[PDB]
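Shown here: my_file_37.txt, compact mmCIF, N, CA and C atoms and all ligand atoms.
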```txt
# COMPACT_ATOMS: atom_id res chain seq x y z
N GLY A 222 -9.85 -76.42 -70.27
CA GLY A 222 -9.16 -75.27 -69.73
C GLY A 222 -9.72 -73.99 -70.30
N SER A 223 -9.46 -72.88 -69.64
CA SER A 223 -10.00 -71.60 -70.07
C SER A 223 -9.00 -70.47 -69.88
N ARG A 224 -9.01 -69.50 -70.79
CA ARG A 224 -8.30 -68.27 -70.55
C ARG A 224 -9.02 -67.63 -69.39
N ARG A 225 -8.35 -66.75 -68.69
CA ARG A 225 -9.05 -65.90 -67.74
C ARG A 225 -9.32 -64.59 -68.45
N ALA A 226 -10.57 -64.15 -68.37
CA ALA A 226 -11.00 -62.92 -69.01
C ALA A 226 -11.57 -61.99 -67.96
N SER A 227 -11.29 -60.70 -68.12
CA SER A 227 -11.98 -59.69 -67.35
C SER A 227 -13.19 -59.28 -68.17
N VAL A 228 -14.36 -59.37 -67.56
CA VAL A 228 -15.64 -59.21 -68.26
C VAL A 228 -16.50 -58.17 -67.54
N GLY A 229 -16.82 -57.08 -68.23
CA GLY A 229 -17.63 -56.04 -67.63
C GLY A 229 -18.22 -55.18 -68.73
N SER A 230 -18.34 -53.89 -68.46
CA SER A 230 -18.82 -52.92 -69.45
C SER A 230 -17.75 -51.86 -69.67
N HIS A 231 -17.76 -51.20 -70.83
CA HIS A 231 -16.69 -50.25 -71.11
C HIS A 231 -16.72 -49.10 -70.11
N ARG A 232 -15.54 -48.53 -69.87
CA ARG A 232 -15.39 -47.35 -69.04
C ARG A 232 -14.61 -46.30 -69.82
N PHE A 233 -15.33 -45.51 -70.62
CA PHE A 233 -14.68 -44.58 -71.54
C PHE A 233 -14.25 -43.29 -70.86
N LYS A 234 -13.09 -42.79 -71.28
CA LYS A 234 -12.53 -41.56 -70.76
C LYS A 234 -11.97 -40.72 -71.91
N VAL A 235 -12.27 -39.42 -71.90
CA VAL A 235 -11.77 -38.53 -72.94
C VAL A 235 -10.25 -38.55 -72.96
N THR A 236 -9.69 -38.64 -74.17
CA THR A 236 -8.28 -38.92 -74.34
C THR A 236 -7.59 -37.99 -75.34
N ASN A 237 -6.34 -37.65 -75.04
CA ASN A 237 -5.47 -36.92 -75.96
C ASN A 237 -4.58 -37.89 -76.71
N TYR A 238 -4.82 -38.05 -78.00
CA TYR A 238 -4.03 -38.95 -78.82
C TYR A 238 -2.85 -38.19 -79.44
N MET A 239 -1.66 -38.76 -79.33
CA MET A 239 -0.44 -38.07 -79.76
C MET A 239 -0.08 -38.37 -81.21
N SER A 240 -0.77 -39.35 -81.79
CA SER A 240 -0.62 -39.66 -83.20
C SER A 240 -2.01 -39.90 -83.80
N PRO A 241 -2.12 -39.83 -85.13
CA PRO A 241 -3.42 -40.05 -85.76
C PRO A 241 -4.00 -41.40 -85.37
N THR A 242 -5.23 -41.38 -84.90
CA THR A 242 -5.85 -42.56 -84.34
C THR A 242 -7.26 -42.66 -84.90
N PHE A 243 -7.70 -43.89 -85.17
CA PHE A 243 -9.00 -44.13 -85.77
C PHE A 243 -10.02 -44.64 -84.76
N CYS A 244 -11.28 -44.40 -85.06
CA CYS A 244 -12.34 -44.93 -84.23
C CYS A 244 -12.42 -46.45 -84.43
N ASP A 245 -12.36 -47.21 -83.33
CA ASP A 245 -12.44 -48.67 -83.41
C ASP A 245 -13.84 -49.15 -83.74
N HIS A 246 -14.84 -48.27 -83.60
CA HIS A 246 -16.18 -48.60 -84.04
C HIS A 246 -16.41 -48.37 -85.53
N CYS A 247 -16.20 -47.15 -86.00
CA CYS A 247 -16.67 -46.77 -87.33
C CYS A 247 -15.56 -46.65 -88.37
N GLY A 248 -14.30 -46.60 -87.93
CA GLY A 248 -13.20 -46.54 -88.88
C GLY A 248 -12.77 -45.15 -89.33
N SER A 249 -13.51 -44.11 -88.95
CA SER A 249 -13.09 -42.77 -89.32
C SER A 249 -12.08 -42.20 -88.32
N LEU A 250 -11.23 -41.31 -88.80
CA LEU A 250 -10.23 -40.64 -87.99
C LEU A 250 -10.86 -39.96 -86.77
N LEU A 251 -10.21 -40.08 -85.62
CA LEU A 251 -10.53 -39.25 -84.47
C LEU A 251 -9.94 -37.86 -84.72
N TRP A 252 -10.78 -36.95 -85.20
CA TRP A 252 -10.32 -35.67 -85.73
C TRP A 252 -9.65 -34.79 -84.69
N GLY A 253 -8.61 -34.09 -85.12
CA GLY A 253 -7.99 -33.07 -84.29
C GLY A 253 -6.71 -33.52 -83.63
N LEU A 254 -6.14 -32.65 -82.80
CA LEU A 254 -4.86 -32.91 -82.17
C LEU A 254 -4.97 -33.14 -80.67
N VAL A 255 -6.14 -32.84 -80.10
CA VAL A 255 -6.39 -33.07 -78.68
C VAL A 255 -7.85 -33.46 -78.41
N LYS A 256 -8.08 -34.13 -77.29
CA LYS A 256 -9.41 -34.56 -76.88
C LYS A 256 -10.22 -35.16 -78.03
N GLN A 257 -9.57 -35.97 -78.85
CA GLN A 257 -10.18 -36.40 -80.11
C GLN A 257 -11.28 -37.44 -79.93
N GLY A 258 -11.27 -38.15 -78.82
CA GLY A 258 -12.24 -39.20 -78.62
C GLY A 258 -12.09 -39.78 -77.23
N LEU A 259 -12.62 -40.98 -77.03
CA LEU A 259 -12.61 -41.64 -75.74
C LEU A 259 -11.94 -42.99 -75.84
N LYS A 260 -11.19 -43.33 -74.80
CA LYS A 260 -10.52 -44.62 -74.72
C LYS A 260 -11.07 -45.37 -73.51
N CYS A 261 -11.42 -46.64 -73.70
CA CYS A 261 -11.86 -47.44 -72.57
C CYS A 261 -10.68 -47.73 -71.64
N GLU A 262 -10.83 -47.36 -70.38
CA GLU A 262 -9.76 -47.55 -69.41
C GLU A 262 -9.48 -49.02 -69.13
N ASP A 263 -10.42 -49.89 -69.49
CA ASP A 263 -10.23 -51.33 -69.26
C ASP A 263 -9.66 -52.09 -70.46
N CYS A 264 -10.21 -51.84 -71.65
CA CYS A 264 -9.81 -52.63 -72.80
C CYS A 264 -9.10 -51.84 -73.90
N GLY A 265 -9.03 -50.52 -73.77
CA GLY A 265 -8.30 -49.70 -74.72
C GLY A 265 -9.05 -49.32 -75.99
N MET A 266 -10.31 -49.73 -76.12
CA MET A 266 -11.10 -49.34 -77.28
C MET A 266 -11.15 -47.82 -77.42
N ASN A 267 -10.96 -47.33 -78.64
CA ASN A 267 -10.97 -45.90 -78.94
C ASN A 267 -12.21 -45.58 -79.76
N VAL A 268 -12.99 -44.59 -79.33
CA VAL A 268 -14.21 -44.24 -80.06
C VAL A 268 -14.42 -42.73 -80.17
N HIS A 269 -15.11 -42.32 -81.23
CA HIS A 269 -15.66 -40.97 -81.28
C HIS A 269 -16.67 -40.78 -80.16
N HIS A 270 -16.87 -39.54 -79.72
CA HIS A 270 -17.99 -39.25 -78.84
C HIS A 270 -19.29 -39.84 -79.35
N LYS A 271 -19.60 -39.61 -80.62
CA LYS A 271 -20.88 -40.07 -81.16
C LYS A 271 -20.95 -41.59 -81.19
N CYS A 272 -19.80 -42.25 -81.32
CA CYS A 272 -19.80 -43.70 -81.43
C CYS A 272 -19.90 -44.39 -80.07
N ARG A 273 -19.69 -43.63 -79.01
CA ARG A 273 -19.84 -44.19 -77.68
C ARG A 273 -21.27 -44.69 -77.50
N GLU A 274 -22.21 -44.00 -78.14
CA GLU A 274 -23.63 -44.35 -78.11
C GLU A 274 -23.94 -45.63 -78.88
N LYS A 275 -23.04 -46.01 -79.78
CA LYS A 275 -23.34 -47.05 -80.75
C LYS A 275 -22.69 -48.39 -80.43
N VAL A 276 -21.62 -48.38 -79.64
CA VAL A 276 -20.93 -49.63 -79.35
C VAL A 276 -21.69 -50.47 -78.32
N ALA A 277 -21.53 -51.78 -78.42
CA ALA A 277 -22.03 -52.68 -77.40
C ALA A 277 -21.32 -52.35 -76.09
N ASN A 278 -22.03 -52.48 -74.97
CA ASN A 278 -21.42 -52.21 -73.68
C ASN A 278 -20.37 -53.24 -73.28
N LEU A 279 -20.52 -54.45 -73.80
CA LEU A 279 -19.67 -55.58 -73.42
C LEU A 279 -18.19 -55.24 -73.56
N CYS A 280 -17.45 -55.43 -72.48
CA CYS A 280 -16.03 -55.13 -72.45
C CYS A 280 -15.29 -56.32 -71.87
N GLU A 281 -14.51 -56.99 -72.71
CA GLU A 281 -13.71 -58.13 -72.28
C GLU A 281 -12.26 -58.00 -72.74
N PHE A 282 -11.36 -58.52 -71.93
CA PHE A 282 -9.98 -58.68 -72.36
C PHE A 282 -9.38 -59.85 -71.60
N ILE A 283 -8.38 -60.48 -72.20
CA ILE A 283 -7.70 -61.63 -71.60
C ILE A 283 -6.71 -61.14 -70.55
N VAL A 284 -6.77 -61.71 -69.36
CA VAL A 284 -5.83 -61.32 -68.32
C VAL A 284 -4.54 -62.11 -68.51
N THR A 285 -3.46 -61.42 -68.87
CA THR A 285 -2.20 -62.07 -69.19
C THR A 285 -1.19 -61.90 -68.06
N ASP A 286 -1.70 -61.86 -66.83
CA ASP A 286 -0.87 -61.73 -65.64
C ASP A 286 -0.57 -63.09 -65.03
N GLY B 222 -25.80 -51.57 -66.63
CA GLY B 222 -24.51 -51.58 -65.96
C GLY B 222 -24.12 -52.98 -65.57
N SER B 223 -22.82 -53.20 -65.40
CA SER B 223 -22.31 -54.53 -65.09
C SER B 223 -21.14 -54.50 -64.11
N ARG B 224 -21.10 -55.45 -63.19
CA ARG B 224 -19.93 -55.61 -62.35
C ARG B 224 -18.85 -56.05 -63.31
N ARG B 225 -17.61 -55.81 -62.94
CA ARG B 225 -16.53 -56.43 -63.68
C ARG B 225 -16.20 -57.69 -62.92
N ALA B 226 -16.12 -58.79 -63.64
CA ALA B 226 -15.81 -60.07 -63.03
C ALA B 226 -14.60 -60.66 -63.74
N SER B 227 -13.75 -61.34 -62.98
CA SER B 227 -12.71 -62.16 -63.55
C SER B 227 -13.29 -63.55 -63.74
N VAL B 228 -13.20 -64.09 -64.94
CA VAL B 228 -13.89 -65.32 -65.32
C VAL B 228 -12.89 -66.28 -65.96
N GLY B 229 -12.64 -67.41 -65.32
CA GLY B 229 -11.75 -68.40 -65.91
C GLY B 229 -12.06 -69.76 -65.31
N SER B 230 -11.01 -70.55 -65.11
CA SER B 230 -11.13 -71.84 -64.44
C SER B 230 -10.28 -71.83 -63.19
N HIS B 231 -10.60 -72.68 -62.22
CA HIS B 231 -9.86 -72.64 -60.97
C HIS B 231 -8.39 -72.99 -61.20
N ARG B 232 -7.54 -72.47 -60.33
CA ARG B 232 -6.12 -72.78 -60.33
C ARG B 232 -5.74 -73.22 -58.93
N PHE B 233 -5.96 -74.50 -58.64
CA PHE B 233 -5.77 -75.01 -57.30
C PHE B 233 -4.31 -75.26 -56.97
N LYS B 234 -3.92 -74.88 -55.76
CA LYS B 234 -2.56 -75.07 -55.28
C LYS B 234 -2.60 -75.70 -53.90
N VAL B 235 -1.80 -76.74 -53.69
CA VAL B 235 -1.72 -77.39 -52.39
C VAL B 235 -1.32 -76.35 -51.34
N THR B 236 -2.05 -76.35 -50.23
CA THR B 236 -1.97 -75.28 -49.26
C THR B 236 -1.78 -75.81 -47.84
N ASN B 237 -0.95 -75.12 -47.07
CA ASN B 237 -0.74 -75.46 -45.67
C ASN B 237 -1.54 -74.49 -44.82
N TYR B 238 -2.71 -74.93 -44.37
CA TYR B 238 -3.61 -74.07 -43.62
C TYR B 238 -3.15 -73.89 -42.18
N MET B 239 -3.28 -72.68 -41.67
CA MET B 239 -2.77 -72.34 -40.34
C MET B 239 -3.84 -72.48 -39.26
N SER B 240 -5.10 -72.52 -39.68
CA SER B 240 -6.21 -72.68 -38.76
C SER B 240 -7.21 -73.66 -39.36
N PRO B 241 -8.08 -74.24 -38.52
CA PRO B 241 -9.05 -75.23 -39.00
C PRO B 241 -9.90 -74.66 -40.13
N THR B 242 -9.90 -75.36 -41.25
CA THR B 242 -10.53 -74.87 -42.46
C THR B 242 -11.36 -75.99 -43.05
N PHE B 243 -12.54 -75.63 -43.56
CA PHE B 243 -13.44 -76.61 -44.14
C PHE B 243 -13.38 -76.63 -45.65
N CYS B 244 -13.76 -77.76 -46.23
CA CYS B 244 -13.87 -77.86 -47.66
C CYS B 244 -15.08 -77.06 -48.16
N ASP B 245 -14.85 -76.14 -49.09
CA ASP B 245 -15.92 -75.32 -49.64
C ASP B 245 -16.84 -76.11 -50.55
N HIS B 246 -16.43 -77.32 -50.95
CA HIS B 246 -17.31 -78.18 -51.71
C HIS B 246 -18.19 -79.06 -50.82
N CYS B 247 -17.59 -79.83 -49.92
CA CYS B 247 -18.33 -80.88 -49.23
C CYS B 247 -18.66 -80.56 -47.77
N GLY B 248 -18.02 -79.55 -47.20
CA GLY B 248 -18.32 -79.16 -45.83
C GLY B 248 -17.54 -79.90 -44.75
N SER B 249 -16.77 -80.92 -45.11
CA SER B 249 -15.97 -81.59 -44.09
C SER B 249 -14.64 -80.87 -43.84
N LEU B 250 -14.13 -81.00 -42.62
CA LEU B 250 -12.84 -80.42 -42.24
C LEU B 250 -11.73 -80.84 -43.19
N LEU B 251 -10.86 -79.89 -43.54
CA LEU B 251 -9.62 -80.22 -44.23
C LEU B 251 -8.66 -80.77 -43.17
N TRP B 252 -8.55 -82.10 -43.11
CA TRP B 252 -7.82 -82.77 -42.04
C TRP B 252 -6.32 -82.57 -42.10
N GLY B 253 -5.68 -82.61 -40.94
CA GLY B 253 -4.24 -82.53 -40.85
C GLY B 253 -3.76 -81.15 -40.42
N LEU B 254 -2.45 -81.01 -40.28
CA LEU B 254 -1.86 -79.74 -39.89
C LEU B 254 -1.01 -79.15 -41.01
N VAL B 255 -0.78 -79.95 -42.06
CA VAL B 255 -0.09 -79.47 -43.27
C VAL B 255 -0.73 -80.05 -44.53
N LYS B 256 -0.54 -79.35 -45.65
CA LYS B 256 -1.04 -79.79 -46.95
C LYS B 256 -2.45 -80.36 -46.86
N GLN B 257 -3.34 -79.66 -46.16
CA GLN B 257 -4.64 -80.24 -45.84
C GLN B 257 -5.56 -80.24 -47.04
N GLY B 258 -5.28 -79.41 -48.03
CA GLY B 258 -6.13 -79.33 -49.19
C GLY B 258 -5.54 -78.39 -50.21
N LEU B 259 -6.39 -77.90 -51.12
CA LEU B 259 -5.94 -76.99 -52.17
C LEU B 259 -6.76 -75.72 -52.13
N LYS B 260 -6.10 -74.61 -52.43
CA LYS B 260 -6.77 -73.32 -52.46
C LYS B 260 -6.63 -72.76 -53.87
N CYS B 261 -7.73 -72.29 -54.44
CA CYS B 261 -7.65 -71.65 -55.75
C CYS B 261 -6.93 -70.31 -55.64
N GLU B 262 -5.87 -70.14 -56.43
CA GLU B 262 -5.06 -68.93 -56.38
C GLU B 262 -5.83 -67.71 -56.87
N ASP B 263 -6.92 -67.95 -57.58
CA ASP B 263 -7.72 -66.85 -58.13
C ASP B 263 -8.91 -66.43 -57.27
N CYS B 264 -9.69 -67.40 -56.79
CA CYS B 264 -10.91 -67.06 -56.07
C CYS B 264 -10.90 -67.48 -54.60
N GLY B 265 -9.86 -68.19 -54.16
CA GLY B 265 -9.75 -68.59 -52.76
C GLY B 265 -10.52 -69.84 -52.33
N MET B 266 -11.24 -70.49 -53.24
CA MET B 266 -11.94 -71.72 -52.89
C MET B 266 -11.00 -72.76 -52.29
N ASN B 267 -11.42 -73.36 -51.18
CA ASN B 267 -10.64 -74.39 -50.48
C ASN B 267 -11.28 -75.75 -50.69
N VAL B 268 -10.51 -76.75 -51.12
CA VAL B 268 -11.09 -78.07 -51.36
C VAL B 268 -10.18 -79.20 -50.90
N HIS B 269 -10.79 -80.32 -50.50
CA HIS B 269 -10.02 -81.56 -50.33
C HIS B 269 -9.40 -81.98 -51.66
N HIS B 270 -8.29 -82.71 -51.61
CA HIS B 270 -7.77 -83.33 -52.82
C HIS B 270 -8.88 -84.08 -53.55
N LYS B 271 -9.64 -84.90 -52.82
CA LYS B 271 -10.66 -85.70 -53.48
C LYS B 271 -11.80 -84.87 -54.05
N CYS B 272 -11.98 -83.66 -53.52
CA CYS B 272 -13.07 -82.81 -54.00
C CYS B 272 -12.69 -81.96 -55.20
N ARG B 273 -11.40 -81.87 -55.48
CA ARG B 273 -10.92 -81.09 -56.61
C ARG B 273 -11.58 -81.57 -57.90
N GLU B 274 -11.84 -82.87 -58.01
CA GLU B 274 -12.42 -83.40 -59.24
C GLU B 274 -13.93 -83.37 -59.25
N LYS B 275 -14.51 -82.93 -58.14
CA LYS B 275 -15.96 -82.88 -58.04
C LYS B 275 -16.51 -81.48 -58.29
N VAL B 276 -15.67 -80.47 -58.11
CA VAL B 276 -16.12 -79.09 -58.30
C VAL B 276 -16.18 -78.72 -59.77
N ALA B 277 -17.12 -77.84 -60.10
CA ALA B 277 -17.15 -77.25 -61.43
C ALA B 277 -15.86 -76.47 -61.67
N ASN B 278 -15.37 -76.46 -62.90
CA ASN B 278 -14.14 -75.73 -63.19
C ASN B 278 -14.31 -74.21 -63.15
N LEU B 279 -15.54 -73.75 -63.36
CA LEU B 279 -15.84 -72.32 -63.45
C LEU B 279 -15.34 -71.56 -62.22
N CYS B 280 -14.55 -70.53 -62.47
CA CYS B 280 -13.99 -69.71 -61.42
C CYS B 280 -14.23 -68.24 -61.72
N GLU B 281 -15.04 -67.60 -60.89
CA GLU B 281 -15.36 -66.19 -61.06
C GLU B 281 -15.25 -65.45 -59.75
N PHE B 282 -14.86 -64.19 -59.82
CA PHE B 282 -14.94 -63.31 -58.68
C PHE B 282 -15.10 -61.89 -59.18
N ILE B 283 -15.67 -61.04 -58.34
CA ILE B 283 -15.92 -59.66 -58.70
C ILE B 283 -14.62 -58.88 -58.54
N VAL B 284 -14.30 -58.07 -59.55
CA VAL B 284 -13.11 -57.23 -59.48
C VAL B 284 -13.47 -55.94 -58.75
N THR B 285 -12.87 -55.75 -57.57
CA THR B 285 -13.21 -54.62 -56.73
C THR B 285 -12.10 -53.58 -56.72
N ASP B 286 -11.19 -53.70 -57.69
CA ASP B 286 -10.09 -52.76 -57.83
C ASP B 286 -10.64 -51.35 -57.98
ZN ZN A 301 -13.71 -51.69 -72.80
ZN ZN A 302 -16.56 -43.53 -84.76
ZN ZN A 303 -11.22 -70.38 -58.37
ZN ZN A 304 -14.35 -81.89 -49.61
```
Starting from the file, give its structure as C-alpha cells.
Amino acid sequence: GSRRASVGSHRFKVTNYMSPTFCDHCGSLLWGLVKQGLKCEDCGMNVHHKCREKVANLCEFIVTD
Amino acid sequence: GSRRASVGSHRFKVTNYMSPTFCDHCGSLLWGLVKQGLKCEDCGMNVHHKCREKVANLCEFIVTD
C-alpha cells in the first residue's frame, strides 16, 4: 500500500507573517513585520528570498483528503 | 520545472457502467449491465474483477487544478 502524495516543484509566494517565523531552509528569523519571506503555496515551506535559490525544487506533501 | 502529479496506489471501486466500457488493462468489454468492473476513484482506470490483480498498483495523474 502507499500514501498518496502530491509531487511537484515548489511554488513560492511573498508572504506577510503575523508572528515571528523562521526560514525552513537556514533556520534564521524571517526578519521584519511584513513581506518577510516566501511561503510555498503547495507545501507551506517558508524561506528567505535568498534561500529560495538554495532549496531543492522537490515539493511533496501527503494528501490527507 | 515539473508537473504536479498525484502519486499513490489505485483505489478500485465496483462500478455500474452506463455505456459499453472496455477494460483498460486487457481490452475486453466489461460485460453485463451492472457491476461490470471496477473504476479507480483516483485516476479513473476501468478494470475487470479478474484484471484488478494483474495491473500494477502504481496510480498517477497530473494535477490540473
Ligand atoms: Zn513546496
Ligand atoms: Zn533562510
Ligand atoms: Zn488509479
Ligand atoms: Zn480485463
Open item on the list: With all C-alpha atoms matched in order and chain B superposed on chain A by least squares, what's the RMSD to one decimal?
Closed with: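 For chain A versus chain B, the C-alpha RMSD is 0.2 Å.
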Open item on the list: Taking only N, CA and C atoms and all ligand atoms and a cut-off of 5 Å, can you tell me which residues surround ligand ZN 301 (chain A), written as a ChimeraX atom specification?
Closed with: /A:231-232,261,263-265,280
Task: Shell of 8 Å around ligand ZN 304 (chain A) (only N, CA and C atoms and all ligand atoms), written as a ChimeraX atom specification - done: /B:243-251,267-273
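In this structure, atom N of residue 234 (chain A) sits 12.9 Å away from atom C of residue 278 (chain A).
Nearest residue to chain B, choosing from A:230, A:279, A:255, A:235 and counting all atoms listed in the file: A:230.
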Taking only residues of chain A that have an atom at most 6.5 Å from an atom of chain B, what is each one's shortest atom pair and its distance in Å to one decimal, using only N, CA and C atoms, in chain and number order, as a tab-separated table?
```
residue	atom	partner	partner_atom	distance
A:222	C	B:230	N	6.4
A:223	CA	B:230	N	5.2
A:224	C	B:229	CA	4.5
A:225	CA	B:229	CA	4.1
A:226	N	B:228	C	4.0
A:227	CA	B:226	C	4.6
A:228	C	B:226	N	4.0
A:229	CA	B:225	CA	4.1
A:230	N	B:223	C	5.2
```
Open item on the list: For a test of reading the model, state the distance in Å between atom C of residue 236 (chain A) and atom C of residue 286 (chain A), rounded to one decimal.
Closed with: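 Distance reported for this atom pair: 28.0 Å.
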Task: Shell around residue 237 (chain A) at 7 Å using all atoms listed in the file, local window under 5 positions removed, as a PyMOL selection string - done: chain A and resi 254-258
- [ ] Pick out the closest residue to ligand ZN 303 (chain A) from this set: B:285, B:276, B:266, B:259. Count all atoms listed in the file.
- [x] B:266
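For the atom pair formed by CA of residue 240 (chain B) and CA of residue 253 (chain B), the distance is 10.3 Å, given to one decimal.
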